[PDB]
């Protein structure tokens, strides 16, 4: 339906953060392929800034960057996921805040993302 | 602490019934359902549909939480609304999570204990 991307992406990103098998889902396989869109180096830099800032501020700044196409969208999804993976599960982050910004920027592309990844 | 991600996953699950394996944490969280009065959810769902929005849910979530009892009840009402509103509902759940958590995050420790003691 397209609107299903919201719940899926929330589940995906949180799963990337703690890698708890309980919350594994086949559909994540396709989403992980997006990892190649972002440089592992940019992620490391972002993680460092989050760590010295002791907060999600830098992640939120990156999420607030404009998105003009579906490729930019995939990128933001990929950076959120890679950051969730490298920041670690002990990280006390109010994920709903990142989700709010993320979706504010990519929701409009939900339908095209669904067909592009599951079509 | 991990209550945050747990509750997000629990509420989304209550909405679409999607999971791959048995979830013992979800079973324990569902026990909270008994705290919700009959009709309460029904009325909430009704108002959400009349307004075509999550406003009524947000209103309910903005009410004061004075004790762990209230915090548990707010979790249950959110879960029950999620289940009865239907998965097709285009709700931006992250906004309800924001209100829910600012209202009950202090009780995360008690909940973490109250659930697994």
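Residue numbers (the deposited numbering), protein chains in the order written: chain B, -3 to 115; chain A, -1 to 115.
Just so you know, even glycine gets a beta-carbon here, dropped at the ideal spot from N, CA and C.
Which two residues bound the contiguous alpha helix (DSSP H) that contains residue i?
i: residue 89(A); result: Run containing residue 89(A): none; DSSP gives neither H nor E here.
i: residue 54(A); result: 53 to 59
i: residue 71(A); result: 66 to 83
i: residue 114(B); result: 106 to 114
Thinking residue i and residue j are a contact (beta carbons under 8 Å), I'd like their distance in whole angstroms, please.
i: residue 59(A); j: residue 72(A); result: 6 Å
i: residue 82(B); j: residue 111(B); result: Incorrect: roughly 30 Å between the Cβ atoms, too far for contact.
i: residue 52(A); j: residue 94(A); result: 6 Å
i: residue 113(A); j: residue 25(A); result: With 8 Å as the limit, residue 113(A) and residue 25(A) do not qualify as a contact, their Cβ atoms being about 10 Å apart.
i: residue 66(B); j: residue 105(B); result: 5 Å
i: residue 55(B); j: residue 79(B); result: 6 Å
i: residue 103(B); j: residue -1(A); result: Not confirmed; about 28 Å, so no contact.
So is residue i buried or exposed if we call it buried at 16+ other beta carbons inside 10 Å?
i: residue 35(B); result: exposed
i: residue 13(B); result: buried
i: residue 92(B); result: buried
i: residue 116(B); result: Because chain B spans -3 through 115 in this model, residue 116(B) falls outside it and cannot be assessed.
i: residue 29(B); result: exposed
i: residue 1(B); result: buried
Please determine, among the options, the residue with the shortest C-alpha to C-alpha distance to residue i.
i: residue 38(A); options: 21(A), 99(A), 74(A) and 90(A); result: 74(A)
i: residue 15(B); options: 99(B), 84(B), 109(B) and 91(B); result: 84(B)
i: residue 62(B); options: 97(B), 89(B) and 31(B); result: 97(B)
i: residue 77(B); options: -1(B), -2(B), 7(B) and 65(B); result: 7(B)
i: residue 33(B); options: 69(B), 0(B), 10(B) and 2(B); result: 69(B)
i: residue 4(B); options: 3(A), 4(A), 5(A) and 10(A); result: 10(A)
i: residue 101(B); options: 89(B), 86(B) and 64(B); result: 64(B)
i: residue -3(B); options: 86(A), 90(A), 99(A) and 115(A); result: 86(A)
i: residue 21(B); options: 99(A), 17(A) and 48(A); result: 17(A)
i: residue 99(B); options: 90(A), 99(A) and 41(A); result: 90(A)
Could you tell me if the beta carbon of residue i falls within a distance shorter than 7 Å of some heavy atom in the ligand GDP?
i: residue 23(B); result: Absence of the ligand GDP is noted for the structure shown, with no ligands found whatsoever.
| message | Which runs of the alpha helix (DSSP H) at least 4 residues long sit entirely within the stretch 15 to 42 of chain B? Give them in chain order. | response | 24 to 28
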